[PDB]
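Report on the following structure.
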Amino acid sequence: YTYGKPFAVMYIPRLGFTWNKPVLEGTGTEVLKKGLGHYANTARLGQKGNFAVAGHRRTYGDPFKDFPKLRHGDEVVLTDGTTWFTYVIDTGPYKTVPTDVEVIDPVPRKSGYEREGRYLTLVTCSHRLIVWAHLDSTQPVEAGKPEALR
């Protein structure tokens, strides 16, 4: 993925039917003004590992303003232009310290996962809030939107 450029769009039905945010490569301060940022050392969308994404709560469009509303079972849906990826939240929102970098590792100790999978993590940018999800389904964009976004 090209640094600082959008590569996907995220949808989270819990945060509103019209909530829709670009996901850009990187988590530098300039990237996060434009949208959500993918931690560039973490897995690509859909891949084994942990696809981790940061976003602001109170500045720059406030994409994660209502993060505390997220629940177990809520869907996080992304498109890369070819495939729709539906992730389902298993754990969180969890409050933690900014020093806790472990939360974006491939199998995070605090996620509850005890094995390799295809995970996603959302992070808010002086505590952080975290949710962890796993990949539930995929379908082609050529076939239409997934259930969750109708």
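So basically every Cβ, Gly included, is an ideal-geometry build from the backbone, and we count neighbours across all protein chains shown. Just so it is clear, none of the values below were taken in a lab; they were calculated from the coordinates.
Structure values in brief
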| read-out | value |
| --- | --- |
| Residue that is in contact with a strand residue (DSSP E or B) (Cβ under 7 Å, 6 or more places away or on another chain), in a loop (DSSP other than H, G, I, E, B) and either among the β-branched types (V, I, T) or closer than 14 Å to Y119 by Cα (or both), where the choices are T59, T27, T18, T91 | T27 |
| Any pair with Cβ under 8 angstrom, 6 or more apart, that starts in segment 24-38 at a residue that is farther than 17 Å from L78 by Cβ and ends at one that is surrounded by 19 or more Cβ atoms within 10 Å (Cβ to Cβ) | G28/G37; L32/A54; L32/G55 |
| When residues of segment 18-45 are limited to those that are basic (K, R) and surrounded by fewer than 18 Cβ atoms within 10 Å (Cβ to Cβ), the one nearest to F7 (Cα to Cα) | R44 |
| Segment 39-70 - residue that is under 14 Å from the mean Cα position of the chain (by Cα) and of a type in the set (V, I, T) and, of those, nearest to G28 (Cα to Cα) | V53 |
| Candidates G28, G73 - the one that is over 13 Å from the mean Cα position of the chain (by Cα), small (G, A, S) and over 25 Å from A148 (Cα atoms) | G28 |
| Candidates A52, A133 - the one that is small (G, A, S), under 19 Å from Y1 (Cβ atoms) and surrounded by 13 or more Cβ atoms within 10 Å (Cβ to Cβ) | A52 |
| Neighbours by Cβ (under 6 Å, 6+ apart or cross-chain): first from segment 106-134, of a type in the set (S, T, N, Q); second crowded, with 20+ Cβ neighbours inside 10 Å and outside any strand (DSSP E or B) | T121/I104; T124/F64; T124/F67 |
| Segment 114-130 - residue that is farther than 14 Å from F51 by Cα and not basic (K, R) and, of those, surrounded by the most Cβ atoms within 10 Å (Cβ to Cβ) | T124 |
| Only one of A54, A8 that is among the aliphatic types (A, V, I, L, M), closer than 19 Å to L129 by Cα and touching a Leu at 6+ places or on another chain (Cβ under 7 Å) | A54 |
